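# Chains, contacts and geometry: an overview
Letter by letter, the chains look like this.
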Protein chains: 2
Amino acid sequence: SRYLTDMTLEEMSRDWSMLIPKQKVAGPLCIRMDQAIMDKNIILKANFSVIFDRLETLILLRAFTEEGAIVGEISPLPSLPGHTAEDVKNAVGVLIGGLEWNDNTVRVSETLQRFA
Amino acid sequence: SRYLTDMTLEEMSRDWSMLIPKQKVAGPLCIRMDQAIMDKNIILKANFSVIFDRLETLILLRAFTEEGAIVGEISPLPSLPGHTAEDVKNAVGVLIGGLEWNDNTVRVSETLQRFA
């Protein structure tokens, strides 16, 4: 019983577009990032469901340019196979990877690093 | 002039082609990899110049499918700025990253891991 956020409802409800789309499936999680993006300073805001006072399941992470532009996202698979912080942190390191590839400078919301 | 190798002259002298080309510049080093490649088992063979009995400079690393197919390569920049094992290991972790992205299963020549 709960849920936690870095992002605004807006930030999440919003829909977005990749010029150079890149999907992937990391076990129970779908990573996406626009490869067209370069030399920008990015951040990963994310929002986990919180159960009995602990970061449980990640609901949604997305990547933001300084300009509030969405450039990447990790969203649970529709079949919602139960996923672990591993599947996550893994998936994360990855998206970062893919992003860093374009000289992009990627930070992470305090929320996240916490985990674990 | 002394020097060490995993690859055959053939393997190195050879020229190759990327369906989905991906370049990058990692300080003094140019990484390349064909993003088109997927679900294959890859290995990184590399060849360092050896000075007074230590792995000094990397001359060339390339990535190989099981089928002896070249799919990625790290080659020093033409201007040959003196590079360090860092610039390297960095660059390496990267290429691996980029490769792993396509479900590719990437190994590394014993030579390499050695370093450092």
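On to the pattern of salt bridges, then. Once their charged atoms are close, side chains differing in charge can pair, the charge on each being opposite to the other. Counted under the stated rule, the structure contains 13 salt bridges over all chains. Across the salt bridge formed by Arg54 of chain B and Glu56 of chain B, the nearest N and O atoms sit 3.9 Å from each other. Looking at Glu56 of chain B, the relative accessible area reads 38%, which means it is partly exposed. Members of the salt-bridge network, linked through shared partners, are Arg32, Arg62 and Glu73 of chain A.

Along its 16 residues, helix α2 (residues 85-100) of chain A runs 22 Å from first to last C-alpha, staying within 8% of the 22 Å computed at 1.5 Å per residue. In this structure, the buried residues of α2 of chain A make contact with β2 (29-33), β3 (41-51), β4 (54-64), β5 (70-76) and β6 (105-108) of chain A.

This brings us to the pairing of strand β3 (residues 41-51) of chain B. All names here are of chain B. One ladder, built from 4 bridges, connects β3 with strand β6 (residues 105-108); its direction is parallel. The residue of β6 that forms the bridge with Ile43 is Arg107. Direction of pairing for β3 relative to strand β4 (residues 54-64): antiparallel, over a ladder of 8 bridges. Bridge assignment links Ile43 to a residue of β4, and that residue is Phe64. Once β3 ends, the chain turns through 2 residues before running back antiparallel as β4, passing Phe52 with a positive phi of about 40°.

Each value, and the rule that gives it
- Residues numbered from 1 in each chain as written, not as in the entry; some residues may be left out.
- Chains lettered and ligands numbered in written order.
- Heavy atoms only, no water.
- Salt bridge = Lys/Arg side-chain N within 4 Å of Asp/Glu carboxyl O.
- Buried < 20%, exposed > 50% of the residue type's maximum accessible area, 1.4 Å probe, protein only.
- Helix = DSSP H or I, 4+ residues; strand = E, 2+ residues; numbered from the N terminus.
- Expected span 1.5 Å × (residues − 1).
- Contact = heavy atoms within 4.5 Å.
- Pairing = 2+ DSSP bridges.

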